[PDB]
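If you're matching them up, the sequences are chains A, B, C and D in order. Quick note: the first sequence uses the entry's author numbering, first residue 933, plus one each step. Quick note: the second sequence uses the entry's author numbering, first residue 247, plus one each step. Quick note: the third sequence uses the entry's author numbering, first residue 1080, plus one each step. Quick note: the fourth sequence uses the entry's author numbering, first residue 345, plus one each step. Please read the structure below before turning to the comments.
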Amino acid sequence: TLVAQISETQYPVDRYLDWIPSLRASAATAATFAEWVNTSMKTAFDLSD
Amino acid sequence: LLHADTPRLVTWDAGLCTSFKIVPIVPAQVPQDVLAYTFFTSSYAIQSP
Amino acid sequence: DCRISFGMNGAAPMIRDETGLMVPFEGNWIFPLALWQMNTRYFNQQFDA
Amino acid sequence: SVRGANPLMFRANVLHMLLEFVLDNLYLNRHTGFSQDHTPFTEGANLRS
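Next up, the structure:
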């Protein structure tokens, strides 16, 4: 859901923050964004694996 | 006849694929008493192609 | 395309409009943010006064 | 003389020059790597390193 917001993906989802400027992220750019999402959920639920 | 040298067929290049370059022959006319030095982009250290 | 030309012998400087016209440094203008980011050093010298 | 050449032998020298030109360029281009532009100078282009 989040990656489709900052990239060009055919996933059908309502875009609510299109007035915020951004760029068409590539695979490398999206990977760093995905990494941040990963760690955030791991710390919230206290996961180490 | 027993052993012949094997030629080097496959070689790799990782740079620009060009054989022609542009070189200056006469320096520019900066500064001059007609145009102020703020006009030229070289005064701002802007790199040029 | 916002090229800036200095004026000669008291003539005012001019900048290129989107339609291709040259206009003096006055009036109401509309600028995308990307323009100032590209020419931050040059625009500051010419416009601040 | 060290500053002169025989005019009747220009074609022979030029022909050998052309053969040297071809031999020196017998290489294969290699894929190095890329990165997305973080500046607005291009619309998120991928630039070779």
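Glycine is no exception: its CB is placed at the ideal position from the N, C-alpha and C atoms.
**Request:** Spell out whether any CB of chain C is found under 8 angstroms from the CB atom of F285(B).
**Result:** Taking the second sequence and counting its residues from 1, the one referred to as residue 285(B) is at position 39. So, interface residue.
**Prompt:** From what residue to what residue does the beta strand (DSSP E) around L391(D) run?
**Reply:** Taking the first residue of the fourth sequence as position 1, residue 391(D) is located at position 47. Secondary structure note for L391(D): its beta strand (DSSP E) is the uninterrupted segment 390-392.
**Prompt:** What's the C-alpha gap between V935(A) and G388(D)?
**Reply:** Sequence index remark: in the first sequence, residue 935(A) carries index 3 (1-based). Sequence index remark: in the fourth sequence, residue 388(D) carries index 44 (1-based). Approximately 17 angstroms between the Cα atoms of the pair.
**Item:** Beta-bridge partners of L359(D), as assigned by DSSP
**Value:** Mapped onto the fourth sequence, residue 359(D) falls at position 15. Per the DSSP secondary-structure output, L359(D) pairs with nothing in a beta bridge.
**Asked** Among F1126(C), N1088(C), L1112(C), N1118(C), which has the Cα closest to the Cα of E1105(C)?
**Response** In the third sequence, residue 1105(C) corresponds to position 26, counting from 1. Of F1126(C), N1088(C), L1112(C), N1118(C), the residue nearest in Cα terms is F1126(C).
**Prompt:** Are the stretch 369-376 of chain D and the stretch 254-270 of chain B touching, with three or more C-beta to C-beta distances below 8 angstroms?
**Reply:** A contact between stretches requires three or more CB pairs, one per stretch, nearer than 8 angstroms, and the stretch 369-376 of chain D meets this requirement with the stretch 254-270 of chain B.
**Prompt:** Going straight from the alpha carbon of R347(D) to that of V358(D), what length do you get?
**Reply:** The sequence position of residue 347(D) within the fourth sequence is 3, counting from 1. The sequence position of residue 358(D) within the fourth sequence is 14, counting from 1. For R347(D) and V358(D), the distance between alpha carbons rounds to 18 angstroms.
**Message:** Nearer than 7 angstroms: is that true of the beta carbon of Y371(D) relative to any heavy atom of the ligand ZN?
**Reply:** Ligands are entirely absent from the displayed structure, and the ligand ZN is therefore not among its contents.
**Three-state class that DSSP yields for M1087(C) in the structure shown** = Mapped onto the third sequence, residue 1087(C) falls at position 8. For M1087(C), the three-state secondary structure derived from DSSP is coil.
**Asked** Where does the unbroken alpha helix (DSSP H) through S972(A) begin, and where does it stop?
**Response** Position 40 of the first sequence, counting from 1, holds the residue named residue 972(A). Note, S972(A): alpha helix (DSSP H), 959-976.
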